[PDB]
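What follows is a set of notes on a single structure, which appears directly below.
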Ligand SMILES: Nc1ncnc2c1ncn2[C@@H]1O[C@H](COP(=O)(O)OP(=O)(O)O)[C@@H](O)[C@H]1O
Ligand SMILES: Nc1ncnc2c1ncn2[C@@H]1O[C@H](COP(=O)(O)OP(=O)(O)O)[C@@H](O)[C@H]1O
Ligand SMILES: Nc1ncnc2c1ncn2[C@@H]1O[C@H](COP(=O)(O)OP(=O)(O)O)[C@@H](O)[C@H]1O
Ligand SMILES: [Mg+2]
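Residue numbers (our numbering), protein chains in the order written: chain A, 207 to 741; chain B, -11 to 525; chain C, 37 to 562.
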């Protein structure tokens, strides 16, 4: 018996074993599938362009309406260790590619649902997991058949816009489906290093301010910071700005150590007045000798230095952030100068229309940089009607900035809309008979689970799943298999090449690879050692 | 998703390991009370009652259990008393070791239905081998078989003396109650021996009363307490005043007729007491009640009247003394006849001194010459132990006289079956041979427990025990080593034929049949569902 | 009701005695052996243990599962310590040591309930163990043609079986080739601190790689790191232990000044102290700067103007690997910088693996270290991949100094049962029931290779005992086919010292459980 021996002695193995939970049985694998299918059935309704959004409420009461699969599973309070691995699966897709975070959870729940009927037939769970590796290898090699792109980043941006429209077509930015798609294309190509095929997202600043509409979202080539002119009579428009970027506060120079400067006579106190009076005239003249007409400072200003800016016609901002001035020196081509004595004409930045824009009745007055000269840093200014449509557009356009980054890493594409999943399901079924020795049932469960993603698009579009999928799959066997999928309004024919539904190759290559390995770590587990109550 | 039952469900090898520990929790208790080197226990209740016993049935009946696999072994000991009567520590150890060795088989991914079918091929072969390897019936040994079989049962209890005092009283008790039946059935009803207890002198003063020992008093202290050449009148009706029934009421319309009805309730009562006493009856036994008015007629006439005796005691007296159990008046519309020729007979009815109580004895009863045993012990705890040890000793000589066949005790049967079943598993064994091979190792726990409780050598004495039994089966040179047992006082294998260690045949045949059948039911608890207690709703 | 004294025994302590104590210790080791029973063999599952804080750890190693159970039983802690010592001595003997030591107690469990004073069992266990560890050394094969391609193939077969029963199914030919190439780049010390295993979330198991140099995680920088491009064809690395900040203060300096002409000279001197250190790094070719101490905004913008890269707040474990990769030396004082203390590489870029940036070094031929970057889909997935990588590294670490290997699976554990049953039939006494019980206890290693996937384990042991008594001595259990197979010809190899330390630790643990007769526990638990 438990907690007692046959000789009457107490039988205690581990501490607090009465409040423990242990399941080996045959339902330990069944509890992992029913916990993972409910996550996949939740994310099934938010797939495709007809996917409905979800309303997420934080612990503080903040409400965020999200549609991407990365932020939905991350903002949950799920205390289930099987469903916690589905959160890290959608997070791993966002960190690597960042487009199929919703589809990688429905695919992982589809592989576990097909493995439930295979488990009742007597197949070992590692034998299903070894059969999924031999089946996912066919889906990787078949996905690299038809793949071509003609992007040159000069004038052939038409494959780049249609690739970003597939990512933005499922979000709430379909009103700006042509305007905002061209923003994310030009924001990547101006900051990407084509010699190394590396894109840095630190150069792409994504800012948002309430007011206006979604059509007022513009791609500002430069930087957008909160302007903090210390003088209210400062000119709010500079036509040709020689920007003097400095990191020294407008003050007498204070050392970093303890000084305790001694004053003995009245000649030393009169020397204190002439020291600071000549220091504020030296820090102002050393900027005017370089020909500068705009100053950026990280730290604060003194009141004595504020009026000397207006007398010399030198506008200056105050209290700029850390990485904000790092974006100014790249957008203007200037250098960040530590002191005032190291200022020169070569370390100045070049900019055109430097002005602040007031938005309605607020007092923000953000910076707008219209003209530049070969900048490697852009800033997207997202506007909207409320904060729910702006924070989602920051998440929607970030997925559009990632699919252009994946095209520079790999210039091979596929055709989405369920066209690649039906074509990959036929490749596993053709190799299931070559040979059907042991893993015949494990490969057919992989092909039946790959058809869940295109049949979820038929369910959200108001069609029938088994009626529409049987028509599309039969047309790819009777002839050579084209880019044949589905759509919501269906655009006439079902040809994905004519409807311009273009997805990246490495996006769907990591959808099958990550969902197979996450299934292998939740099939190769036969015990749960969770505790009982909290305290 | 899962089952929505409000109780508790445990599947797999969890219950398959819990039932073995439930059976081993009972076997490890009674392992210290087996054989002549076994020791008694103490059973203390919550109210303060102390019960000192070593029998396998009295311990497990008073002990509370909760597990469903534990109630099978506790009810297995209760069946051994009715079927055999001394075989009720050995069945519990075998039936728990049958589950311990079968648990090692089902952990080797062997199906339990092959273990159940493998146990039936070994249980039926064990009864077949023990019925073809007996020594002799009760004709060659004579009275030496009944005494030596009685001393084997007493060796595990408080009456295991070196002499033959308690052994001769049991054989003389069963041989005096030989009741014949139809179609040649010499039955020996051992329940007719009234076993009485009294805290008196030592165990060597236990009287063997040839007759019956009634546990009652005379009542009125004016009757002669010793009647020689007595005539027992066994009757069952209350000798009280004539009370009318519910349907009869006394509605008098004349005041002169009042006192004649009041005297009629005692005149009809005394009319029965004068016609049962004028026929020479001196001893009157009554299961009802004799009130103080009717006790005068026995003091005046000089007769003994015993009131409020048991109904089970009146049948043992009237059958042994030739008396007729009469409940009312009878014999073809007769007023008061009583059938005086059907009175009982007795040589002497004497109330002796039983250490500050009154006990009535009947000497030889003149018709059947029955027997009753009065036990004498130090305290009441020894008298309850002496009663249980004597009742198990009466059941041993009952089965020997009925079924004239004895087997050697002290592990001699379990040693011969441990080697014959290993050769039996090799001949016709394809997939169930592992269950027959573990049936032989489970039977070896009976000589193994005799070596543990004696603090002797364990893995060498039993290894020397089966060395003689192996040569008695593979070397046909008339070695006659089938009766090799254990000498627990010396620590060497001895011959149980000359030593006088005899046990009945059905104390091991019914033990191997009940332990194998109980091991099948506990082997099929692969799934167990326990619901919540429905007490307060 | 018996003990009622005026002064008690010690305080309130309960203590068992005799034969019910010993069966209480044997049955306690059977319960803790079930947590490593289903983790044996390639068809063995893993287990997930959650603590009170909610941290989930899924693993199948015996040194990982048994340390998270929080076992407070005194006799059951003996099976946890032999799983810790197997990871400390071998690295891959873990689940097999705990389960075999529990069978040494279960085979004598019907023997300890019936007499058999345990000094005979300890003498029989030490006799059978010394004969078992000697027959392994007399049968472990070896080669005399080392330092060739044949020795590298011997190291790969021992790493594929070490990567078996892990969370790796088809990546055995990819990962175990990198494990052998990792230890051959090391020096003649085989230190585990000279190889970095860093987990990057995002990517499949095929996206992992073995860097010939080093790579750190690109920790918290300052304004000026979006400059300083990462294209270097032959850079020099300056490993430093100095602060490149303006606020470098000795925390006891009080600069008392008297006039305003000398007050400005102190502030100009504080910039001249920092700028003199940057001129020592400059004019030496050291384009890459690495320091474990932070660098402020001044020295970050100085290197961006001079087209130099820097990296501050580097961990000390990464700078020790960086020193052995480039072949330089970490200089705390910048005044002694020369060409003999700077590093040299070929390719130094900052990639975007898994979203986070990583500054990797590559191209140095005199690399005494390496870095194995893991890419997975979960944090617990890469922790199991790191734990499976340490088992394959510690097998191939011990295989270089001792190349004597044996057959894998239950091939050695079955033939040791043959040599011990033949030895038990040649000695008289009570040792026939103990040496033979020690031989039957070794047959559970081919049982757990079959009980985890069915395989009809009763019939497959009759084929193993018949093949070892007739022909070869390396026949074991095949995993793909449900039959017996020669594990030496099927390249299922393992080093001989894996099973030597397994039989030694399991016997000394089993001799400790049978030697304790009393267990006294004091009630003071605060
Ligand atoms: N015009 C279209 N026609 C058909 N299918 C489409 C169209 N646009 C998008 N889809 C489908 O909608 C799905 C949206 O997936 P999504 O939720 O964005 O993945 P992730 O969560 O990884 O970003 C894609 O798999 C794609 O096949
Ligand atoms: N003189 C003796 N020598 C050896 N063994 C004996 C002797 N007397 C009794 N035994 C053994 O002691 C055991 C007592 O069993 P017991 O507990 O009476 O069974 P039950 O509980 O069914 O009555 C018997 O099985 C018998 O073999
Ligand atoms: N290809 C294979 N075929 C058969 N058996 C294998 C194979 N690979 C590994 N095994 C078995 O799996 C077992 C894994 O043991 P393991 O848990 O690694 O021990 P430890 O915990 O000491 O590292 C080994 O004993 C080995 O016999
Ligand atoms: Mg999308």
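Idealized CB from N, CA, C, for every residue including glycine.
At a C-beta separation below 8 angstroms, residue 446 of chain B has these neighbours in chain C: 150, 151 and 152. The region 188 to 203 of chain C makes contact with the region 423 to 442 of chain C, as at least three CB pairs between them are under 8 angstroms. Look at residue 0 of chain B: its C-beta is under 7 angstroms from a C-beta on chain A. At a cut-off of 6 angstroms, the beta-carbon of residue 75 of chain B counts as near ligand 2: some heavy atom of the ligand is closer than that. Around residue 342 of chain B, the same chain offers 186 as residues with beta carbons nearer than 6 angstroms, after the five sequence neighbours per side are excluded. Residue 501 of chain A carries a strand assignment under DSSP once its states are collapsed to helix, strand and coil.
If you draw a 10 Å sphere on the C-beta of residue 210 of chain A, you find fewer than 16 other C-beta atoms in it, and that means exposed. For residue 334 of chain B, the three-state secondary structure derived from DSSP is strand. Closest in C-alpha terms to residue 98 of chain C, from the list C:436, C:69, C:90 and C:92, comes C:69. For residue 394 of chain C, the beta-bridge partners assigned by DSSP are C:387. Those residues having their beta-carbon less than 6 angstroms away from any non-hydrogen atom of ligand 4 are, in chain order, A:305, A:373, A:376 and A:605.
In this structure, B:204 is the residue among B:216, B:204, B:373 and B:85 with its C-alpha nearest to the C-alpha of residue 294 of chain B. Looking only at B:195, B:89 and B:85, the smallest Cα-Cα distance to residue 347 of chain B is reached by B:195. Contact note: residue 704 of chain A does not reach chain C at a C-beta cutoff of 7 angstroms; the least C-beta distance is about 33 angstroms. With a cutoff of 6 angstroms, residue 333 of chain C does not count as near ligand 3, since its C-beta is closer than that to no heavy atom of the ligand.
In this structure residue 251 of chain A is not in contact with residue 274 of chain A, their Cβ atoms being roughly 14 angstroms apart against a cut-off of 8 angstroms. Under the Cβ criterion of 7 angstroms, residue 494 of chain C is counted among the residues facing chain B.
Rounded to whole angstroms, the gap between the alpha carbons of residue 233 of chain C and residue 418 of chain C is 10 angstroms. Along the region 305 to 336 of chain C, the positions whose C-beta sits under 8 angstroms from a C-beta of chain A are 306, 307, 333 and 334, read in chain order.
Proximity of chain B to residue 469 of chain C at the Cβ level (cut-off 7 angstroms) is accounted for by 447, in chain order. In the structure shown, residue 35 of chain B adopts coil according to DSSP, grouped into three states. For a Cβ distance threshold of 7 angstroms, residue set 150 and 151 of chain C lies close to residue 440 of chain B, ordered along the chain. Scanning chain A for C-beta atoms nearer than 8 angstroms to the C-beta of residue 81 of chain C yields 331, 332, 730, 731, 732 and 733, reported in chain order. The alpha-carbon separation between residue 356 of chain A and residue 362 of chain A amounts to approximately 7 angstroms. In its chain, beyond the 5 residues on either side, 633, 634 and 637 have a beta carbon closer than 7 angstroms to the beta carbon of residue 344 of chain A.
A direct Cα-to-Cα measurement between residue 485 of chain A and residue 408 of chain C gives close to 56 angstroms.
For ligand 1, no non-hydrogen atom lies closer than 6 angstroms to the CB of residue 514 of chain B. Each of B:440, B:178 and B:104 was checked against the Cα of residue 70 of chain B, and the nearest Cα belongs to B:178. Judged by DSSP in its simplified three-state form, residue 355 of chain B adopts coil rather than helix or strand. Membership of residue 392 of chain A in the alpha helix (DSSP H) is indicated by the continuous run 385 to 395.
At a cut-off of 7 angstroms between beta-carbon atoms, residue 248 of chain A makes no contact with chain B. At a cut-off of 6 angstroms, the beta-carbon of residue 732 of chain A does not count as near ligand 3: no heavy atom of the ligand is closer than that. The C-alpha of residue 209 of chain C is placed about 14 angstroms away from the C-alpha of residue 190 of chain C. Between residue 395 of chain C and residue 252 of chain C, the C-beta gap is smaller than 7 angstroms, which places the two residues in contact. Within the DSSP bridge table, the entry for residue 529 of chain C names C:443 as partners.
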